[PDB]
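# Could you work out the structure for the sequence below:
(one chain, ligands or ions: 1)
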Amino acid sequence: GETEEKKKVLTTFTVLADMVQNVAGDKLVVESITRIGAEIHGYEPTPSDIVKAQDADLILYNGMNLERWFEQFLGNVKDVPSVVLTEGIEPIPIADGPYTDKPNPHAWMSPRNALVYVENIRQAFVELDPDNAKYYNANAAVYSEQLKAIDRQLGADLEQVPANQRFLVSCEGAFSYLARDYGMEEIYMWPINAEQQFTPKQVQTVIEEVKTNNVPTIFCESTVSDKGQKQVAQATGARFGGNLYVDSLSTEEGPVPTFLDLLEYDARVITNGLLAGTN
Ligand SMILES: [Mn+2]
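Numbering: from 1, shown residues only. Next up is the structure itself:
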């Protein structure tokens, strides 16, 4: 009597992938629809993506319209349970552009929020695989504990840059939750990823705001263009920080190979970017 196989949980992108894989341990086999630095807001699902979902015992997604392409994707697969890892989180509405004041989906950029992400991942696993409950709870318990610990570090990290200098300018406004948590003023080229290609007025606005605040370093993300941000960089003298990570982790090489890494790093390169470097 063979013990049989392990459940297949599918997730929309690489960040959620690392989160779930940390609550599943070796009990479940986790897979992610998208591969590394890919625009996840409007990714087009290949046939393989469709077939996977069909042969997956559970599909976990962010919700809050993060993966605009989900509703459709899930539409063409029979009864494969689906749960939104975002349930419980009180959203921050979008500022402008299309999706005017709809929910900002980037809630996982808030360690405080990441905790409810992990509770829901946990709950779905005990129902999906009741036998391995113990493990999932032991995993989540350990995982939750690290979130809290890094949360302390994040807060103790950003409070360095004085209150009236805590300006986090970026490409997409994905760091809104991280900003609210650690009292920062956000400055972005566009609210959320959409029709996009942004506009010269959006970059124009970013151009003045940086000046009306003397932000020494400005960043962008590893999933969107940097052609727009750099302009504001070499036309405002602000130092162009590298890429911050939100909608996708990185490789085994490079930084941000794990979500927890993602938090420590983003904030770490943010804190010292707002410290010196005006001229
Ligand atoms: Mn995004």
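# Hmm, residue 215 is touching residue 274, no?
Yes - with contact defined as CB atoms under 8 Å, residue 215 and residue 274 form a contacting pair (7.1 Å). All C-beta spots, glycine's among them, are computed from the backbone N, C-alpha and C.
# hey, what's in contact with both of the two?
Counting by CB atoms under 8 Å, 6 or more residues apart in numbering, the residues touching both residue 215 and residue 274 are 165, 167.
# out of the two, which sits in the busier spot?
residue 215 (25 against 21; other CB atoms under 10 Å).
# Skipping its backbone neighbours, what lies nearest that one in space?
residue 167 (4.7 Å; CB to CB, 6 or more residues apart in numbering).
# could you list every residue that touches that neighbour?
Contact analysis of residue 167 by CB under 8 Å, 6+ apart lists 184-187, 210, 213, 215, 274.
# which residues touch the residue lying closest to residue 64 once chain neighbours are set aside?
Of all residues not flanking residue 64 in the chain, residue 105 sits nearest, at 3.8 Å (CB to CB, 6+ apart). Counting by CB under 8 Å, 6+ apart, residue 105 makes contact with 62-66, 86, 192.
# Check the secondary structure at residue 105 for me.
Using DSSP: H, G, I helix; E, B strand; the rest coil, the structure places residue 105 in coil.
# Need phi/psi at it.
Dihedral angles of residue 105 (phi, psi; degrees, to the nearest 10) stand at phi -80, psi -20.
# Then residue 170?
Torsion angles, degrees, to the nearest 10, at residue 170: phi -150, psi -180.
# and it, how many neighbours does it have?
For residue 170, using other CB under 10 Å, the count is 27.
# who's in contact with it?
186-189, 218-221, 229, 244.
# can you check residue 32 too?
So residue 32 contacts 10-14, 16-17 (CB under 8 Å, 6+ apart).
# So residue 248 sits against residue 41, correct?
No - counting by CB under 8 Å, residue 248 does not reach residue 41; the two are 10.9 Å apart.
# re earlier: which of the contacts of residue 167 has the most neighbours?
That'd be residue 215 among those, by other CB under 10 Å, with 25 neighbours.
# mind checking the SS state of it?
Residue 215 ends up coil, using three-state DSSP.
# picking that back up, name the nearest of the contacts of residue 170 relative to the ion.
The closest of those to the ion turns out to be residue 221 (CB to the ion; 7.0 Å).
# how much space between the residue most central in space within the chain and residue 203?
By CA atoms, centre = their mean, the mean C-alpha position of the chain lies nearest to residue 246, the distance being 3.7 Å. Residue 246 sits at a distance of 20 Å from residue 203 (criterion: CB to CB, to the nearest Å).
# show me the residues around the residue nearest to the centre of the chain that make contact.
15, 106, 109, 172, 174-175, 221, 223, 262, 266.
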